[PDB]
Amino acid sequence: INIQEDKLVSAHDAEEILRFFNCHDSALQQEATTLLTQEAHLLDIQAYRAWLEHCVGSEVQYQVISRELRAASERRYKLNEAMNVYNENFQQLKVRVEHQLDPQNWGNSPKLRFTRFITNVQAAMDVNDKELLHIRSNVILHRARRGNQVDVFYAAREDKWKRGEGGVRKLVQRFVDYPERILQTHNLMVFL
């Protein structure tokens, strides 16, 4: 992609495209699909400890940003472009997991219901780090609670996965640029 011609495309997005258009490996796309489907299943049944043990690498950065709305032609205003809804290392994820599992987390009674839909899976090995797997996927996440509360989240996820303990591929980075600026879902207290 030539971003001088394709005026609406960011340098970052153009870089991410190139990663997948190159070496296509069907087997890798299948492995990636299994990995993400199993991760989503663990999350949906709220097996948060199992998710940490089986899906999340010790060196993880788990990040979801909210980007301030700026003019397309803006070039002078240089202040912090985004805030971090999530920007978690492993211990910080563990804190959030303990918070979910605490019997005095009143908001979790009656039990929440989660349903995740993972689509558009793409996978490519890193050029420089032969053990680093880039995975892109989109998620629709449905959360239902308390009879008539229903919140639906939509996002694209840019992941890096790497083999850890026991040769198991685990998440070492997730990056989400959340597409809705003002959340209409009460909060973003879900693991995208």
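Quick note: we count residues from 1 along the sequence shown, nothing fancier.
- The stretch with the higher mean CA B factor, choosing between 168-176 and 13-21, is 13-21.
- In this entry, 70-78 shows the higher mean Cα temperature factor of the pair 118-126 and 70-78.
- The entry assigns its greatest Cα B factor, within the set 140, 132, 156, 50, to 132.
- The PDB entry gives the largest Cα B-factor of the residues 149, 63, 38, 26 to 26.
- Among the modelled residues of the chain, residue 110 sits in the lowest third by CA temperature factor in this PDB entry.
- Ranked by Cα temperature factor within the chain, residue 33 sits in the middle third according to the deposited record.
- The entry lists a Cα temperature factor for residue 190 that places it in the lowest third of the chain's modelled residues.
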